[PDB]
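Breakdown of the fold
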Amino acid sequence: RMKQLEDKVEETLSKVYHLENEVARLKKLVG
Amino acid sequence: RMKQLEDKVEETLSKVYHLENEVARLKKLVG
Amino acid sequence: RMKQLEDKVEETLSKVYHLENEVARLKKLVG
Ligand SMILES: [Zn+2]
Ligand SMILES: [Zn+2]
Ligand SMILES: [Zn+2]
């Protein structure tokens, strides 16, 4: 469960970093 | 504590999934 | 191990809440 938990958390965090970049891109587009 | 953590991680995943959908709709709107 | 995992989950949820706020602010700027 632990490694499975850690794996899911790492995955999620990477999903989050990605969304941060997307949001950064969007802010620049709208200005 | 492990079960509370796993539930928390699931809930976080659900919030992230919703965020992706919001960002996706935004990218469609602004281009 | 669990503690550092809890820390990473809390840091991830903090980024999520922030992103939700950015998304709400974009949505008001777009349509
Ligand atoms: Zn994306
Ligand atoms: Zn939303
Ligand atoms: Zn921000």
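This text gives an overview of the structure that appears in the document.

Considering the packing of helix α1 (residues 2-30) of chain B against helix α1 (residues 2-30) of chain C
- Direction vectors running N to C along α1(B) and α1(C) enclose 25 degrees, while the axes themselves pass 10 Å from each other. Regarding the angle of α1(B) to α1(C), the classification is roughly parallel. The handedness of the crossing between α1(B) and α1(C) comes out as left-handed.
- Here the residues of the contact of α1(B) with α1(C) are counted per class, giving 19 nonpolar, 2 polar and 7 charged.

Some thoughts on the interface of chain B and chain C
- Listed by partner, the interface residues are 13 residues for chain B and 15 residues for chain C.
- The contact between chain B and chain C buries some 1200 Å² in all, and 84% of this surface belongs to carbon and sulfur atoms.
- On the chain B side of the contact with chain C, B:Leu5, B:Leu19 and B:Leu26 bury the most area, a combined 39% of that side's loss.
- Counting the contacts that link chain B with chain C gives 2 salt bridges.
- Its salt-bridge partner being B:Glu22, residue C:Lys27 comes within 2.7 Å of it at the nearest N-O pair.
- The interface formed by chain B and chain C contains 1 residue pair in polar contact.

Overview of the coordination of the zinc ion (ligand 2)
Residue and element names in this part refer to chain B.
- Note on the zinc ion (ligand 2): its protein donors are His 18 (NE2) and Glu 22 (OE). The metal-donor distances range over 2.5 to 2.6 Å. Taken together, the residues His 18 and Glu 22, both in helix α1 and 4 residues apart, mark about one turn of the helix.
- Overall, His 18 belongs to the partly exposed group, its relative accessible area being 44%.
- The buried category is assigned to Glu 22, whose relative accessible area is 16%.

The rules behind the values
- Residues numbered from 1 in each chain as written, not as in the entry; some residues may be left out.
- Chains lettered and ligands numbered in written order.
- Heavy atoms only, no water.
- Axes fitted to C-alpha atoms, helices over the stretch in contact; angles between N-to-C directions.
- Helix = DSSP H or I, 4+ residues; strand = E, 2+ residues; numbered from the N terminus.
- Parallel < 35°, antiparallel > 145°, perpendicular 65-115°, else oblique.
- Left-handed = near helix turned anticlockwise from the far one by under 90°.
- Nonpolar A, V, L, I, M, F, W, Y, C, P; charged D, E, K, R; others polar.
- Contact = heavy atoms within 4.5 Å.
- Buried area = accessible area lost by both parts, 1.4 Å probe.
- Salt bridge = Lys/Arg side-chain N within 4 Å of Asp/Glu carboxyl O.
- Polar contact = N/O pair within 3.5 Å; in protein donor to acceptor, adjacent residues only side chain to side chain.
- Donors = N, O, S within 2.8 Å, 3.2 Å for Na, K, Ca; no water.
- Buried < 20%, exposed > 50% of the residue type's maximum accessible area, 1.4 Å probe, protein only.

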